[PDB]
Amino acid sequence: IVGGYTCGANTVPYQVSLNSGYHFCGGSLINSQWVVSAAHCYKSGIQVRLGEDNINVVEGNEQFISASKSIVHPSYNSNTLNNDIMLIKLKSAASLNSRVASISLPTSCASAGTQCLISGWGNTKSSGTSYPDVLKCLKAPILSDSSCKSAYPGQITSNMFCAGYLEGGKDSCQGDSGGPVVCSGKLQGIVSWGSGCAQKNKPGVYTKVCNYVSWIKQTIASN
């Protein structure tokens, strides 16, 4: 997160870190046994780390649970990042409490102008590299489909939206991928892609979660 703020420990209780020896992506806990993340975060050997603030210090609220199964969206295209969503089933159910909690799935899509909270352990510099140990947050609005398409000609599908600031300075970044965009208490996006980070006229591009709720629910029901 570039241009954000320190969230506060365990204030984003659905935020997970995906660990393969190191933090490599965010995710969102959607029930006791399932995480939503970005398909481009897929790898084998994932440990889901819940209840994290400092990802380098054991602070007392962590739950570390191995993935038992990963499911990349059937239609994920890694070239275009269309359908950049994956589900991860935990080997055991998380224990849910005030600091480790699921986030609601949308029943309807969000609209341009809605403010949302974007969070993660990604890069904090736009012309630099600095990875935080504690969770960072950014409040940002959803941008119009037309401004999103104008920023990224030929690249925005019906499964993507833009959020952030066209002026630059405030965005998600490398290492935030797979993490949440939460709007009015609903998971509306997944950190997906963008040209650089926090660049002028190059907002963040997010997977449009509301398009996937039917797939999410049926997948959970059969797995």
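In this text, residue numbers run from 1 along the sequence as written.
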{"property": "Stretch exceeding the other in mean C-alpha B-factor - 49-57, 161-169", "result": "161-169"}
{"property": "98-106 versus 74-82 - greater average Cα B-factor per the deposited record", "result": "98-106"}
{"property": "Highest recorded Cα temperature factor - choice among 35, 39, 181, 67", "result": "67"}
{"property": "Which of 211, 20, 199, 15 ranks first by CA B-factor in the deposited coordinates", "result": "199"}
{"property": "Chain thirds of CA B-factor: placement of residue 154", "result": "highest"}
{"property": "Residue 220, C-alpha B-factor rank within chain (lowest, middle or highest third)", "result": "highest"}
{"property": "Residue 87 - which third its CA temperature factor falls in, relative to the rest of the chain", "result": "lowest"}
{"property": "Residue 44 CA temperature factor, ranked by third within the chain", "result": "highest"}
{"property": "Ranked against its chain, the third holding the CA B-factor of residue 28", "result": "lowest"}
